[PDB]
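See below for the structure under consideration.
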Amino acid sequence: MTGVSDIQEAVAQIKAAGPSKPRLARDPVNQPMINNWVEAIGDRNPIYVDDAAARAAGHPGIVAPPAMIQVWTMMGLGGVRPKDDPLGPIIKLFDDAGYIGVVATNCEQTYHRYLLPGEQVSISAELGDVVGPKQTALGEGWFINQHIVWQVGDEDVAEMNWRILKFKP
Amino acid sequence: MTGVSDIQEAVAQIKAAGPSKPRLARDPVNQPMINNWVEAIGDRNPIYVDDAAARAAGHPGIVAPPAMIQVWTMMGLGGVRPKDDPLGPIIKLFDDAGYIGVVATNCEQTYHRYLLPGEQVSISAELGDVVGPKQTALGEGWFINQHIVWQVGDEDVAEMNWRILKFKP
Amino acid sequence: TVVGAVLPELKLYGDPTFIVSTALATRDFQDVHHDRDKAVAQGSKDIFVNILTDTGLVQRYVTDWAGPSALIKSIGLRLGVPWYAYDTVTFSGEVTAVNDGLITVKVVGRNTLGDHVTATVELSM
Amino acid sequence: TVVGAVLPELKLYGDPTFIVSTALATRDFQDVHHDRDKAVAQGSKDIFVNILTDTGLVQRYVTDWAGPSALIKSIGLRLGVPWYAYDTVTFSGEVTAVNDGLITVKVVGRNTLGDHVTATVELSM
Ligand SMILES: [Ca+2]
Ligand SMILES: [Ca+2]
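Residue numbers (the deposited numbering), protein chains in the order written: chain A, 1 to 169; chain A', 1 to 169; chain B, 2 to 126; chain B', 2 to 126. A prime marks a further copy of an entry chain.
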């Protein structure tokens, strides 16, 4: 509702709900989407496209680019986040408090292993540290961290900690 | 070289080379690219995305949209047509004769059967009727037909007859 | 169905996201469907919908009406005025032929510039 | 390799086709990466490269140098100035750490507006 001590309380309330329930990627890791990605990115690394080559470097066969991990679980054209994604409530909270602007500031991804075509990924999201109010070039704002985990079944295969600044312009 | 009777002779020379040698699609018919397409086109036809539904209408399981046939064999980002594609020589011929402009006028596709995920398509192209010179809204020009055949192995599964106008602006 | 049966109307707004996403989903990377500056440089007003998307929408329009059991046999397009960003194409349909269980539909897509595409579709039940 | 080793330079021209095709290949359909009018409406100069493409290029830049046998462990991005259409980003690299067979590279992507992205990459041989 009203003010900073109330924002801290609301953040705590969102966190208490726990992480979003795992959401399955539209498709398994698959070669056609790998092909689209390496084509556009211009990455000619043989291990993403040639079974034989994905063995001299020590993999079983073709592996997906680690940096594709977020691609598999993107919402897609006109997609809407599930209700239990903490991102929703947290943006809504800060917009209402007048911190209407947003920019991403940091994105850190960790890859526990490479993925193989056919493996299907799930994503879960949790709220991390929320820090503020702070004075920034874009104005007064709060830094919000979100912590993402990707799994193949019950195996933790990658994660992302990313941070946004919600601010008053 | 020089003039209409020479253009007719050059067209005949291109045709004498015969159809392009079959070129394999980058990928087999596949569900992720079907998903991208039905997503963007906004076609909610269940048979493209649900094995069970692709049976009440009488198919084995999920079938690809017939209108996707050309998608599988598109050259892709920065792709270059093989030398034996008659399109190349024919454009070059008419550009040199001053018919530098181009527009597509007709596109007719025939689908012999539906395709299944996993099937891999090849494409062959042949020059059809070349008609001209004719007076058009865009100027004097020649209508050029190209005939495309798609195969799964040695089975004719679809074709396209399309027509362009090469003209003097 | 009968000869003279009219299909339900379908209006589609060609916002840039629609034009770009359909072109790239048909693996058509020509700059005229996603790069306005290249489109203008080549004498077009704006980016415009590609021919493979035309084919796909005509297919969608007829199966929207005919339903899942329809088997599309052929789609024939006569190409018309461009479908530029922010123009709306209205699809109207009319059944023209019925014979031996083979149905023929005439489809017209109209926008502000006029007739964008005229299509003849052949299908089974 | 050694601490202080510099990677080969990589310059990338951000033409609209690059910006659009990479965004849609990362399945990012936000209008700011393909719709100039929506980008301008939201206060940007033009369309701009998305964050997933940044991650992918940083990955590419390091494996271009390290080669196929490299195992990427982590990619950390600090986000900077926008990479707008027709701007060129130059990637420069410097090895900062070597320990227990774990290599750390500092990557900077620079364009006309300044530092577009600063990256820390961890990998195996
Ligand atoms: Ca972990
Ligand atoms: Ca045939």
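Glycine residues also receive a C-beta, built at the ideal position from the N, C-alpha and C atoms.
Out of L72/B, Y85/B, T64/B, the CA that lies nearest to the CA of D16/B is found in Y85/B.
Counting every other CB atom within 10 Å of its CB across the protein chains shown gives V11/A' a total of 16 or more, marking it as buried. Our two residues, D88/B' and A26/B, have alpha carbons roughly 26 angstroms apart in a direct line.
Exclusion of the five residues before and after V38/A' leaves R44, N45, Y48, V49, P65 as the residues of its chain whose Cβ lies within less than 8 angstroms of its Cβ. Scanning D36/B', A24/B', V41/B', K39/B' for the CA closest to the CA of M33/A turns up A24/B'. With 16 or more other CB atoms across the displayed protein chains lying within 10 angstroms of its CB, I90/A is buried. Less than 8 angstroms separates the beta-carbon of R163/A from that of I144/A. When the alpha-carbon of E140/A' is set against those of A67/A', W72/A', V102/A', the nearest one is in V102/A'.
Residue list for ligand 1: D156/A, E159/A (CB closer than 5 angstroms to any heavy atom, chain order). Listed along the chain, the chain B' residues whose CB falls inside 9 angstroms of the CB of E39/A are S22, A26. Of all residues in the region 36 to 49 of chain B, those with a C-beta nearer than 8 angstroms to a C-beta of chain B' are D36, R37, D38, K39, reading in chain order.
When secondary structure is reduced to three states using DSSP, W66/B falls in the helix class. Taking 7 angstroms as the cut-off, one finds at least one heavy atom of ligand 2 near enough to the beta carbon of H112/A'. For the options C107/A', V4/A', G42/A', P60/A', the alpha carbon positioned closest to that of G81/B is the one of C107/A'. Secondary structure at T73/A: coil, using DSSP grouped into helix, strand and coil.
Chain-ordered listing is empty here: chain A has no CB closer than 7 angstroms to the CB of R55/A', the nearest sitting near 22 angstroms. Within the same chain, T23, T27 come within 8 angstroms of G57/B' by CB-CB distance, once the 5 residues on both sides are set aside. Counting along the chain, the unbroken alpha helix (DSSP H) around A24/B' starts and ends at 17 to 26. Residues of chain A whose Cβ lies closer than 8 angstroms to the Cβ of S70/B' are, in chain order, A56, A57, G58. Around the C-beta of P169/A, fewer than 16 other C-beta atoms lie within 10 Å, and the residue is accordingly described as exposed. In chain order, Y85 place their CB closer than 6 angstroms to the CB of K46/B', counting only its own chain and leaving out the 5 sequence neighbours on each side. Look at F30/B': its C-beta is under 8 angstroms from a C-beta on chain A.
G102/B is outside the set of residues whose beta carbon lies under 8 angstroms from a beta carbon in chain A'. When the alpha-carbon of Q70/A is set against those of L138/A, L127/A, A25/A, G18/A, the nearest one is in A25/A.
Between the C-alpha atoms of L8/B and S20/A' there is a straight-line separation of about 40 angstroms. Closest option to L78/B', judged by alpha-carbon separation, among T105/A, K92/A, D96/A: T105/A. Residue contact with chain A for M33/A': present (Cβ-Cβ distance below 8 angstroms to some residue of chain A).
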